[PDB]
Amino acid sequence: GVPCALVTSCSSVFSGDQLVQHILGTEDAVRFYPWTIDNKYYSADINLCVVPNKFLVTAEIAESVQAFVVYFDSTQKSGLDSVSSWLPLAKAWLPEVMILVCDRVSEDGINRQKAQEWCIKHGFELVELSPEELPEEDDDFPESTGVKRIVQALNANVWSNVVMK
């Protein structure tokens, strides 16, 4: 079975389909987008599965989920309410890759502290598509950000259908 990276958005401004087109660009109803992960260790044909609402997740989608990438709106204090509503499904699927994505954190809403607390509690990593700051010039081993970081994280996974090199 071809694994899925389940992608959804809890924001009304930015959709899972938009996020998936950003991922594919790197070097309601469910939609599947084929994507071949290719690196020095393996290649793996997966699907980026855009699921606009959780009630469209069928048994057969669920059993294929090996990554979960959820976009959220950080502008309000309530921004993680809708994300946390996915957690019963995420703890059922037990994906090895779990990524919480926003455009950037908001000090007036979900700030970095609150997003980090939630990610560490639940086994996610926080990614910003448009970090306000560029990384420090003396951060000699910097972390990738944005969609590049999402792609790195999806590469750092032993997909069930890896073809090893």
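We number the residues from 1 along the sequence you see.
Per the record, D140 and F141 are directly connected, with no deposited-sequence residue omitted between them. As recorded in the PDB entry, 130-138 is the stretch of 92-100 and 130-138 with the greater mean C-alpha temperature factor. Here the stretch with the larger average CA B-factor, out of 146-154 and 9-17, is 9-17. The maximum CA B-factor among the listed residues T26, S43, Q66, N47, taken from the PDB record, is found at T26. In the PDB entry, a CA B factor belonging to the lowest third of its chain's modelled residues is recorded for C119. Among the modelled residues of its chain, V70 has a C-alpha B-factor that falls in the lowest third according to the deposited record.
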